[PDB]
Amino acid sequence: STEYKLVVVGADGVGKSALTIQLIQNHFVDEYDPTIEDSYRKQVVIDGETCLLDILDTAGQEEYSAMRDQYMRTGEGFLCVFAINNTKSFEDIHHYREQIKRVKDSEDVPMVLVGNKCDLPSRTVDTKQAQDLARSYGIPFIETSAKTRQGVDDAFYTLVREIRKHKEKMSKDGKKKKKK
Ligand SMILES: Nc1nc2c(ncn2[C@@H]2O[C@H](COP(=O)(O)OP(=O)(O)OP(O)(O)=S)[C@@H](O)[C@H]2O)c(=O)[nH]1
Ligand SMILES: [Mg+2]
């Protein structure tokens with residue numbers, strides 16, 4: 001019943017498309033297929049509510065600062081994905097977060113930090129640093145492997161939960177109005 005607009009963001013090659021295709025299609029693309037902009041719908045039951053997910057799988061490839069704006073205005077929550085063997089992709093999260101906060105003109109934007117490719121050896125981004133970054137941001141951190149499907153549903157369902165929490169918070173706000 002309730003629709004949630006989710007946007008999967010992050011550097012090229014982190015696994016945004018692999019995560020999203022696991023969620024929607026239940027298989028893993030070993031392939032490379034760089035994304036311009038694909039979207040997907042899926043009907044899910046999360047905490048006993050039916051949810052219509054409308055998911056945008058974005059381009060990691062850059063230039064943008066053109067393209068990012070409209071889908072940042074549109075998105076209700078953001079899956080901020082880095083790959084655990086890609087230091088720059090982790091560092092990129094700060095910049096995506098800043099951009100989203102600026103473009104949506106809010107300090108309060110539902111987000112989940114996703115460390116993908118946890119099936120691989122010799123990670124270059126430690127779990128502790130990701131956890132520490134998420135704690136700073138006051139957002140969940142979930143480790144995934146699109147290859148094995150580990151954590152995939154949890155990552156997307158947790159983002160829906162963050163949106164719901166935000167919706168409830170915004171009704172009560174901090175002040176000005178109040179509600180519940
Ligand atoms: N080992 C491993 N490989 C993965 C995982 N997720 C994605 N990959 C691989 O990484 C490569 C890039 O994945 P892809 O999903 O296309 O990245 P992207 O983030 O969507 O990249 P883009 O569209 O912005 S350019 C592919 O070869 C894919 O199979 C994972 O969890 N584990
Ligand atoms: Mg892609």
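The chain as shown is numbered from 1 upward.
We read in the header that X-ray crystallography, 1.9 Å was used to get this structure.
Just so it is clear, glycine is given a Cβ too, placed from its N, Cα and C backbone atoms.
Here is what Swiss-Prot says about this protein:
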- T35: (Microbial infection) O-linked (Glc) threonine (CARBOHYD)
- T2: N-acetylthreonine (MOD_RES)
- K104: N6-acetyllysine (MOD_RES)
- 32-40: motif 'Effector region' (MOTIF)
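Sequence-distant contacts of the motif 'Effector region' (32-40) (same chain, at least 6 residues past either end, Cβ-Cβ under 8 Å): 12-13, 16-17, 20, 23-24, 53-61, 67, 71. Following the DSSP three-state reduction, the secondary structure of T2 (N-acetylthreonine) is strand. The Cβ of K104 (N6-acetyllysine) has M72, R73 as same-chain neighbours under 8 Å, each 6 or more residues away in sequence. Counting neighbouring Cβ atoms within 10 Å of each of the recorded positions (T2, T35), the lowest count belongs to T2. A distance of 27 Å separates the Cα atom of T35 ((Microbial infection) O-linked (Glc) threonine) from that of the residue listed as 'N-acetylthreonine'.
The secondary structure of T35 ((Microbial infection) O-linked (Glc) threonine), as reduced to three states from DSSP, is coil rather than helix or strand. Taking a Cβ distance under 6 Å to any atom of ligand 2 as the criterion, the recorded positions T2, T35, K104 reduce to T35.
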